Number of protein chains: 4
Amino acid sequence: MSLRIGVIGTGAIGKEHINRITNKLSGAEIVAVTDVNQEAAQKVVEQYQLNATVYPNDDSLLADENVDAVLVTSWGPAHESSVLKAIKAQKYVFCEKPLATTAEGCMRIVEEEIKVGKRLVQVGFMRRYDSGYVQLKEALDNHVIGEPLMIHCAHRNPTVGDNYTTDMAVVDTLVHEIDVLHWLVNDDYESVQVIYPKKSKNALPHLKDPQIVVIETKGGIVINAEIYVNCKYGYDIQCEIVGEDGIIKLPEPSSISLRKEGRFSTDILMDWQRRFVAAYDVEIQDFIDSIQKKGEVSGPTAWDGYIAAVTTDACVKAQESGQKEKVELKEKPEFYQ
Amino acid sequence: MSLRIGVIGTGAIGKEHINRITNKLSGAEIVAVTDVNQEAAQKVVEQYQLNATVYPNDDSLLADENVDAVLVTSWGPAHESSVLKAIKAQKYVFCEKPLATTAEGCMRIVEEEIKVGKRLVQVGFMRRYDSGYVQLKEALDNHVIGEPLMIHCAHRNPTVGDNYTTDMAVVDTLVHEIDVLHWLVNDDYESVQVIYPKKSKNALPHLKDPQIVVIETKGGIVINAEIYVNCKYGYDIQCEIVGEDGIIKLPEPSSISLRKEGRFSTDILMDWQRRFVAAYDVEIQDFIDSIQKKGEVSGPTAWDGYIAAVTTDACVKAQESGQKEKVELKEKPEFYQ
Amino acid sequence: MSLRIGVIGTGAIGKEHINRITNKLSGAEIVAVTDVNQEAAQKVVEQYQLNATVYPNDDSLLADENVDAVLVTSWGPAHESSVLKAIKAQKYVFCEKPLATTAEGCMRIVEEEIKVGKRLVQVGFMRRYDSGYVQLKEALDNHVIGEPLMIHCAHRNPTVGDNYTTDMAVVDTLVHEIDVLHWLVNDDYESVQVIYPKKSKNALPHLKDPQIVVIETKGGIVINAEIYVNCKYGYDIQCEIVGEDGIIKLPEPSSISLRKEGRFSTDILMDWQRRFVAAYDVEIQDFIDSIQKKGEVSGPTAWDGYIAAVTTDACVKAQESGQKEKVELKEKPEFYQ
Amino acid sequence: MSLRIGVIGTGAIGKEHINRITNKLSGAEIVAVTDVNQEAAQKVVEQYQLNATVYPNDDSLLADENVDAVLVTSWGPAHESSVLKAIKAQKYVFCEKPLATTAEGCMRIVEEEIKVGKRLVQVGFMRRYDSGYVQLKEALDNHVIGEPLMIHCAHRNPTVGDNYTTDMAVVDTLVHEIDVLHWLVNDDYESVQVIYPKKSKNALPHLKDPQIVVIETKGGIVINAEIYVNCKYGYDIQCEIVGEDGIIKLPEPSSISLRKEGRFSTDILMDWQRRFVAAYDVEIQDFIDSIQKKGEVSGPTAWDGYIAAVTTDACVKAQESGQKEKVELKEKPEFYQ
Ligand SMILES: [Cl-]
Ligand SMILES: [Cl-]
Ligand SMILES: [Cl-]
Ligand SMILES: [Cl-]
Ligand SMILES: [Cl-]
Ligand SMILES: [Cl-]
Ligand SMILES: [Cl-]
Ligand SMILES: [Cl-]
Ligand SMILES: [Cl-]
Ligand SMILES: [Cl-]
Ligand SMILES: [Cl-]
Ligand SMILES: [Cl-]
Ligand SMILES: [Cl-]
Ligand SMILES: [Cl-]
Ligand SMILES: [Cl-]
Ligand SMILES: [Cl-]
Ligand SMILES: [Mg+2]
Ligand SMILES: [Mg+2]
Ligand SMILES: [Mg+2]
Ligand SMILES: [Mg+2]
């Protein structure tokens with residue numbers, strides 16, 4: 001059959017996932033939705049022409065015997081509650097970041113999932129499904145460059161809104177690097193340090209931008225991550241991994257080249273939504289296919305959600321202290337190995 | 001509803017389209033199949049776990065009131081017959097190349113389609129859906145380089161089988177360039193000339209490889225197309241369009257870069273099936289979506305099939321004559337404008 | 001000692017060579033000059049602060065026992081006369097293109113040089129000394145790509161003056177490709193054909209621009225050379241050699257890259273004089289060093305001058321006829337092997 | 001006349017400069033040499049066929065009224081003595097790094113030079129004369145990217161000898177970055193911190209390799225410099241400057257590209273001596289031309305030597321302490337502005 005999916009939270013993110021499941025992907029259907037604003041959920045069912053029940057809350061949606069799996073796409077601080085309820089209802093769950101707002105909240109989810117005996121929770125770190133990152137992972141797993149030693153990366157954005165604050169550089173922005181890098185190199189984070197260059201003219205007075213975040217792993221890999229969210233020129237993700245015997249680097253997004261007016265050039269995307277559309281499609285298709293074929297999910301795990309929560313909190317601490325701060329992680333359970 | 005598709009011809013190509021419709025794309029289902037070898041069609045229904053009727057021939061399949069659209073993926077010389085039957089049965093049809101084996105056969109299809117009053121026929125020239133070609137088309141349509149003047153392109157393949165013959169360099173290989181280029185520049189072909197370099201050591205004695213094909217358009221654009229099907233190093237498509245004021249060029253397929261052992265490098269694909277998988281997915285999704293949203297197809301047309309048939313025949317003539325040969329095209333009907 | 005050089009022709013080209021010998025290179029000095037306009041030669045001696053005698057003509061300059069070698073940098077049609085006189089006077093001679101205006105004139109020079117028993121004549125085809133071309137030659141000589149099969153090249157210039165005529169596309173412009181390519185692949189030219197695309201809006205009404213020149217070698221290498229002298233965007237030399245097993249390509253001139261305003265770009269030079277300055281320096285330094293160390297010159301030869309004269313004439317014939325034209329070359333003497 | 005140069009120290013470095021002055025450059029001659037090993041100096045005069053006097057020491061060489069300028073190319077710790085003697089003898093001096101082994105020694109030279117009233121001392125930081133760095137400087141001076149904010153750079157070498165020690169990563173290797181970067185951005189260094197990744201398998205047990213050096217300028221520019229001297233793959237210099245509105249990056253050294261065996265690649269040099277040969281030539285030619293045309297030198301100054309000495313010492317301190325260390329610089333004299 002089609003995997004029958006319910007959606008908890010019908011804002012921009014939920015709508016985009018509803019659109020991809022309904023109009024782009026294979027093997028699933030939206031059969032149920034809920035939102036805090038019931039009127040909004042009804043509008044969504046109408047706009048996307050869904051054959052779906054509108055439920056007043058997640059408890060009633062999760063009680064629907066004909067819902068197999070849910071997307072948790074509500075307000076971030078509301079995610080944890082729905083994830084816990086879904087685990088208890090024994091539904092598969094795809095949770096947009098964050099899994100929970102604290103390490104403790106992630107640990108509550110971890111404890112309950114481990115009881116189930118199979119993986120129900122996939123966290124929405126879509127970078128792992130981007131073709132460039134998949135290529136990097138394959139090269140590393142094949143020992144192409146020997147042991148990784150250093151990672152140099154950048155997350156650049158053209159401009160941010162007036163409400164974007166210093167902490168969000170790590171909470172909303174660097175969190176993607178935080179998830180993908182430890183996955184690439186199969187190592188755990190140990191410490192973080194934040195350094196502030198000269199503030200850019202393109203940043204509002206309350207915002208510290210750019211920033212450099214230096215992260216060391218337990219194995220001794222050193223990551224230097226630049227975050228510059230008012231770079232003006234484009235939305236740009238760059239990542240180079242220096243190994244003992246060679247160096248691998250993430251590609252530019254594909255663009256025709258142009259020779260014109262004394263310049264040889266390619267395009268730089270301006271819109272972050274154009275950068276990872278394929279990865280979002282693949283991540284959800286993987287959720288669907290893994291469930292149908294394996295009876296459990298296969299992507300970033302609740303434990304990856306925990307690592308992101310602990311590490312982001314340490315980075316925010318380091319933003320304030322100017323000192324090297326410890327990333328204190330519990331031992332990874334065999335369940336998540 | 002799901003668009004209900006029947007498949008005529010369940011060989012490798014038909015199977016791959018069945019796989020994408022069943023497991024990758026949105027909005028369609030395989031409800032019927034037929035193959036000359038009925039046992040093969042039954043095996044296909046079983047292998048892909050289809051809920052589909054096996055019909056003994058295309059006439060019976062096309063008589064099924066619950067088939068909305070068909071794929072024609074049979075032996076090439078058999079395509080024309082099924083396309084004509086499908087038009088008469090008023091079904092939408094996606095036809096793999098060729099539309100027909102002769103200009104005359106394509107004209108028979110054109111005459112019958114024009115009677116219908118809407119487009120039923122989409123021909124499987126998937127290059128138009130490749131992101132690089134879409135980018136080229138957008139640049140041209142926006143006048144980025146002024147008038148196109150010259151096109152330099154190459155279609156390279158690592159090695160061919162013992163049964164690949166000189167004519168197939170244009171019939172099976174260059175036909176893709178033949179379709180995409182006139183579309184890019186909105187011009188008609190007027191003449192073709194073939195020049196043979198030194199034969200490669202990598203080619204079998206009966207095969208002329210490489211070849212250069214020089215094509216001139218009515219507007220005066222000159223295309224120099226290299227075909228080298230035993231290039232050894234990779235499967236490689238290259239295309240540069242020189243305009244009055246600048247030059248645009250198709251990108252390399254996306255690859256991580258590597259610094260190792262004194263070389264800075266990216267990957268070249270070895271497998272043509274890895275080069276255009278995304279384009280095949282997009283072309284079929286467009287077939288489905290166009291039908292459901294517009295009630296007619298929107299891709300390469302029966303007329304494009306005709307242009308390909310006329311032009312390939314002229315190229316094969318030029319391969320034999322060593323002279324400049326005319327491409328004689330009827331006026332394009334308003335139906336296809 | 002310093003090699004004592006006399007200069008015959010003190011126009012722009014002669015002045016630039018005088019400047020490089022006097023202010024940039026090692027091991028030579030300008031001791032004598034002559035120009036048709038004696039006042040101009042005197043001004044040159046003063047402007048460059050030379051310790052040099054001004055002679056009324058080349059005969060008197062060549063009679064100076066203390067002149068070891070001469071540069072022939074006069075009006076093109078005047079070159080042949082001075083080269084012949086210098087050979088008879090037993091001086092080494094560096095001759096700017098052309099060696100002579102006709103195949104017959106080049107053959108007169110060849111006959112007289114062969115009598116000398118050592119190479120006196122170096123022709124000013126500086127591309128052979130450009131680092132990119134040297135790299136191409138090394139790769140070819142090391143069999144990196146197997147046998148060369150095809151060459152795709154372009155010679156592009158931003159705009160030309162009102163006096164630039166169709167024939168000059170081959171006589172003044174393509175002549176550089178004509179010299180360098182047969183050297184790269186160690187093959188002789190056999191035929192040429194000219195094809196005219198759509199005329200560019202950037203070309204004046206009397207000029208055919210762009211042009212494509214197709215040249216076949218005796219060994220069966222096919223060269224497609226684009227000439228576009230009003231391309232607007234830059235001065236740009238491109239060259240790709242397709243071999244049996246791989247492909248080599250001339251590099252872009254070195255430029256920093258820029259990410260800015262949605263584009264990732266490098267520089268394209270606008271000024272042809274910036275493209276080959278290093279090659280001009282190296283070619284003259286080689287003239288000097290070869291003479292001092294070997295007692296004979298080592299660069300492009302009088303025979304290379306002959307090949308250029310024959311081939312340019314065939315191309316101009318082909319420009320007019322629209323037909324394939326023969327390049328008729330005498331057998332290369334052992335003297336020039 | 002030719003600038004008459006004496007050479008103090010005829011080892012490998014002195015010999016290479018003698019070779020370039022004698023056989024490659026314009027306007028100077030080697031008229032005098034001295035070495036601690038007089039037999040070595042005599043051999044050098046013979047090997048290079050110099051018309052030069054061999055002096056027993058630098059005092060006697062500097063007393064030669066017919067010596068205009070000297071190269072100081074002796075053992076590093078011996079440089080300071082000869083530079084001071086040359087300033088007192090009122091000769092122009094080109095000094096290979098280091099200017100002196102301590103900040104105090106550099107300050108002694110600075111004090112004596114300032115008395116002269118014109119610049120006599122040029123320090124051999126050749127990177128400033130490399131075409132890529134010149135291009136970076138021009139872009140910065142033209143405000144192409146707005147204010148520089150961050151610099152990401154790497155100095156990589158394939159392997160080092162058994163005698164290469166941890167301190168040399170900054171003293172001999174990073175010193176080049178240390179000189180060029182403050183010049184590029186016209187800012188002073190304020191602090192340095194060293195971080196050690198996982199040790200490479202390619203490094204001997206006594207050596208800490210790779211290393212990351214984080215340098216902050218007074219203006220707030222943050223530099224992250226990777227040093228990896230056993231990277232195996234090549235000798236490789238990389239440098240990216242992130243500005244407010246865009247990013248500029250040093251180019252790869254020019255190389256033909258190759259498509260072969262499934263890879264599209266360019267060359268990475270293995271030999272550091274091939275990386276900067278042009279810069280060494282240009283730096284010495286500039287020394288010669290500046291003296292002859294301006295009567296004083298124009299390259300990196302004694303003050304730049306001082307900055308390098310102070311900064312290298314701070315980096316070595318940071319290598320040992322693991323803490324952020326201050327770079328304590330005296331105010332730059334107007335003499336050196
Ligand atoms: Cl919270
Ligand atoms: Cl965009
Ligand atoms: Cl999980
Ligand atoms: Cl614990
Ligand atoms: Cl047929
Ligand atoms: Cl492949
Ligand atoms: Cl059609
Ligand atoms: Cl007609
Ligand atoms: Cl003449
Ligand atoms: Cl320029
Ligand atoms: Cl010669
Ligand atoms: Cl003969
Ligand atoms: Cl010392
Ligand atoms: Cl090398
Ligand atoms: Cl100084
Ligand atoms: Cl002080
Ligand atoms: Mg853009
Ligand atoms: Mg590969
Ligand atoms: Mg420019
Ligand atoms: Mg190499």
# chains A, B, ... in the order shown; residues from 1 in each chain; ligands from 1
call {"tool": "residues_around", "arguments": {"residues": "residue 143 of chain C", "least_positions_apart": "2", "cutoff": "12 Å", "atoms": "only C-alpha atoms", "output": "list in words"}}
result
residues 136, 137, 138, 139, 140, 141, 145, 146, 147, 148, 185, 243, 244, 245, 246, 247 and 248 of chain C
call {"tool": "write_last_selection", "arguments": {"atoms": "C-alpha atoms", "output": "compact mmCIF listing (two decimals), in the first residue's frame"}}
result
# COMPACT_ATOMS: atom_id res chain seq x y z
CA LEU C 136 50.98 20.38 -24.38
CA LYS C 137 54.06 19.43 -26.41
CA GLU C 138 55.56 17.54 -23.46
CA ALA C 139 52.36 15.57 -22.90
CA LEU C 140 52.17 14.66 -26.58
CA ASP C 141 55.84 13.67 -26.75
CA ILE C 145 46.93 10.53 -24.75
CA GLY C 146 48.00 8.12 -27.48
CA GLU C 147 47.83 9.31 -31.08
CA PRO C 148 46.30 12.74 -31.60
CA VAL C 185 51.60 16.92 -33.47
CA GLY C 243 43.83 11.69 -28.56
CA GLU C 244 42.95 8.00 -28.73
CA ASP C 245 42.98 7.56 -24.95
CA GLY C 246 42.54 11.02 -23.47
CA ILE C 247 42.29 14.76 -24.05
CA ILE C 248 44.63 17.61 -23.19
call {"tool": "residues_around", "arguments": {"residues": "residue 3 of chain A", "least_positions_apart": "2", "cutoff": "9 Å", "atoms": "only C-alpha atoms", "output": "ChimeraX atom specification"}}
result
/A:1,5,27-30,67-69,288,291-292
call {"tool": "write_last_selection", "arguments": {"atoms": "C-alpha atoms", "output": "PDB file, in the first residue's frame"}}
result
ATOM      1  CA  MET A   1       0.000   0.000   0.000  1.00  0.00           C
ATOM      2  CA  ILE A   5       1.346   9.728   6.807  1.00  0.00           C
ATOM      3  CA  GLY A  27       4.741   5.368  -2.095  1.00  0.00           C
ATOM      4  CA  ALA A  28       3.081   7.596   0.505  1.00  0.00           C
ATOM      5  CA  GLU A  29      -0.053   9.672   1.041  1.00  0.00           C
ATOM      6  CA  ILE A  30      -1.082  12.373   3.506  1.00  0.00           C
ATOM      7  CA  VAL A  67      -1.849   6.453  10.358  1.00  0.00           C
ATOM      8  CA  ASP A  68       1.435   4.565   9.915  1.00  0.00           C
ATOM      9  CA  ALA A  69       3.939   7.388  10.281  1.00  0.00           C
ATOM     10  CA  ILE A 288       9.257   6.062   3.060  1.00  0.00           C
ATOM     11  CA  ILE A 291       9.938   1.825   6.439  1.00  0.00           C
ATOM     12  CA  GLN A 292       8.287  -0.154   3.648  1.00  0.00           C
TER      13      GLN A 292
END
call {"tool": "residues_near_ligand", "arguments": {"ligand": "ligand 5", "cutoff": "12 Å", "atoms": "only C-alpha atoms and all ligand atoms", "output": "JSON, numbers by chain"}}
result
{"B": [75, 76, 77, 78, 79, 80, 81, 98, 99, 100, 101, 102, 103, 104, 105, 106, 309]}
call {"tool": "residues_around", "arguments": {"residues": "segment 321-332 of chain A", "least_positions_apart": "2", "cutoff": "7 Å", "atoms": "only C-alpha atoms", "output": "JSON list (two decimals) with N, CA, C and O atoms, in the first residue's frame"}}
result
[["chain", "number", "residue", "atom", "x", "y", "z"],
["A", 189, "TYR", "N", 32.58, 14.82, 18.82],
["A", 189, "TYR", "CA", 33.11, 16.12, 19.21],
["A", 189, "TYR", "C", 33.57, 16.14, 20.67],
["A", 189, "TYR", "O", 32.96, 15.50, 21.54],
["A", 190, "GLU", "N", 34.62, 16.91, 20.94],
["A", 190, "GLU", "CA", 35.18, 17.02, 22.28],
["A", 190, "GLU", "C", 35.19, 18.46, 22.82],
["A", 190, "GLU", "O", 34.97, 18.69, 24.02],
["A", 191, "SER", "N", 35.45, 19.43, 21.95],
["A", 191, "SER", "CA", 35.53, 20.82, 22.40],
["A", 191, "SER", "C", 35.19, 21.81, 21.29],
["A", 191, "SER", "O", 35.31, 21.49, 20.11],
["A", 192, "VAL", "N", 34.80, 23.01, 21.70],
["A", 192, "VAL", "CA", 34.48, 24.08, 20.76],
["A", 192, "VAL", "C", 35.01, 25.42, 21.28],
["A", 192, "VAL", "O", 35.04, 25.65, 22.49],
["A", 193, "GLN", "N", 35.40, 26.29, 20.36],
["A", 193, "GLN", "CA", 35.89, 27.63, 20.67],
["A", 193, "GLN", "C", 35.36, 28.58, 19.59],
["A", 193, "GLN", "O", 35.37, 28.23, 18.41],
["A", 194, "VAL", "N", 34.89, 29.76, 19.98],
["A", 194, "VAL", "CA", 34.40, 30.75, 19.02],
["A", 194, "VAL", "C", 35.32, 31.96, 18.98],
["A", 194, "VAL", "O", 35.73, 32.49, 20.03],
["A", 310, "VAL", "N", 23.55, 18.81, 22.20],
["A", 310, "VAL", "CA", 24.67, 19.03, 23.10],
["A", 310, "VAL", "C", 25.69, 19.97, 22.49],
["A", 310, "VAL", "O", 26.19, 20.88, 23.15],
["A", 311, "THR", "N", 25.98, 19.76, 21.21],
["A", 311, "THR", "CA", 27.03, 20.52, 20.56],
["A", 311, "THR", "C", 26.60, 21.96, 20.32],
["A", 311, "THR", "O", 27.39, 22.88, 20.53],
["A", 314, "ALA", "N", 26.93, 23.81, 23.58],
["A", 314, "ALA", "CA", 28.32, 24.12, 23.89],
["A", 314, "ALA", "C", 28.82, 25.30, 23.05],
["A", 314, "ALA", "O", 29.57, 26.13, 23.54],
["A", 317, "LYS", "N", 27.47, 28.49, 24.49],
["A", 317, "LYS", "CA", 28.27, 28.80, 25.68],
["A", 317, "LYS", "C", 29.60, 29.45, 25.29],
["A", 317, "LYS", "O", 30.01, 30.46, 25.87],
["A", 318, "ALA", "N", 30.27, 28.88, 24.29],
["A", 318, "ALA", "CA", 31.54, 29.39, 23.80],
["A", 318, "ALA", "C", 31.41, 30.78, 23.17],
["A", 318, "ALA", "O", 32.33, 31.59, 23.25],
["A", 319, "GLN", "N", 30.28, 31.04, 22.52],
["A", 319, "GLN", "CA", 30.03, 32.38, 21.98],
["A", 319, "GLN", "C", 30.08, 33.44, 23.07],
["A", 319, "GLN", "O", 30.48, 34.58, 22.83],
["A", 334, "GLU", "N", 24.56, 0.89, 21.90],
["A", 334, "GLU", "CA", 24.70, -0.06, 20.81],
["A", 334, "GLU", "C", 23.49, 0.03, 19.86],
["A", 334, "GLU", "O", 23.63, -0.21, 18.65],
["A", 336, "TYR", "N", 22.24, 2.48, 18.58],
["A", 336, "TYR", "CA", 22.46, 3.51, 17.56],
["A", 336, "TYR", "C", 23.76, 3.32, 16.78],
["A", 336, "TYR", "O", 24.10, 4.15, 15.94]]
call {"tool": "interface_residues", "arguments": {"of": "chain A", "to": "chain D", "cutoff": "6 Å", "atoms": "only C-alpha atoms", "output": "count of residues only"}}
result
13
call {"tool": "select_by_dssp", "arguments": {"residues": "segment 47-205 of chain B", "states": "helix (DSSP H, G or I)", "output": "ChimeraX atom specification"}}
result
/B:47,58-62,76-88,103-116,126-129,131-141,168-185
call {"tool": "residues_near_ligand", "arguments": {"ligand": "ligand 6", "cutoff": "9 Å", "atoms": "only C-alpha atoms and all ligand atoms", "output": "list in words"}}
result
residues 234, 235, 267, 268, 269, 270, 271, 272, 273, 274 and 275 of chain B; 262 of chain D
call {"tool": "residues_around", "arguments": {"residues": "residue 112 of chain C", "least_positions_apart": "6", "cutoff": "8 Å", "atoms": "only C-alpha atoms", "output": "tab-separated table (two decimals) with N, CA and C atoms, in the first residue's frame"}}
result
chain	number	residue	atom	x	y	z
C	84	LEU	N	67.59	37.48	-46.61
C	84	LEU	CA	68.55	37.01	-47.60
C	84	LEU	C	69.89	37.72	-47.44
C	87	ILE	N	71.74	36.32	-44.35
C	87	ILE	CA	72.28	34.98	-44.56
C	87	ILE	C	73.59	35.08	-45.35
C	88	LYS	N	73.57	35.89	-46.41
C	88	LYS	CA	74.77	36.09	-47.22
C	88	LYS	C	75.91	36.73	-46.41
call {"tool": "residues_near_ligand", "arguments": {"ligand": "ligand 11", "cutoff": "10 Å", "atoms": "only C-alpha atoms and all ligand atoms", "output": "tab-separated table (two decimals) with C-alpha atoms, in the first residue's frame"}}
result
chain	number	residue	atom	x	y	z
C	92	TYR	CA	72.19	35.03	-37.29
C	93	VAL	CA	68.74	36.42	-37.93
C	94	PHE	CA	65.54	36.63	-35.92
C	109	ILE	CA	65.61	31.80	-48.12
C	110	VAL	CA	65.59	28.04	-47.53
C	113	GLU	CA	70.36	28.80	-45.63
C	114	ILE	CA	70.93	25.15	-46.53
C	118	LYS	CA	74.00	25.54	-39.88
C	119	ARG	CA	70.79	27.26	-38.81
C	120	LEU	CA	70.96	31.05	-38.93
C	121	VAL	CA	67.25	31.87	-39.22
C	122	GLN	CA	64.70	31.90	-36.38
C	123	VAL	CA	61.14	32.94	-37.24
C	296	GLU	CA	73.23	28.20	-34.21
C	297	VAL	CA	69.58	29.04	-33.55
C	298	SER	CA	67.02	26.53	-32.20
C	299	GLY	CA	63.52	27.95	-32.62
C	300	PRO	CA	60.95	27.93	-35.43
C	301	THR	CA	62.92	27.60	-38.67
C	302	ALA	CA	62.92	29.00	-42.19
C	303	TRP	CA	61.06	25.81	-43.10
C	304	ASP	CA	58.38	26.64	-40.54
C	305	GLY	CA	58.19	30.05	-42.26
C	335	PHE	CA	68.64	20.20	-42.85
C	336	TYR	CA	65.39	21.06	-41.05
call {"tool": "select_by_dssp", "arguments": {"residues": "segment 47-160 of chain A", "states": "strand (DSSP E or B)", "output": "number ranges by chain"}}
result
A: 53-55, 69-72, 92-95, 121-123, 148-156
call {"tool": "atom_distance", "arguments": {"atom1": "atom CA of residue 178 of chain A", "atom2": "atom CA of residue 115 of chain A"}}
result
27.1 Å
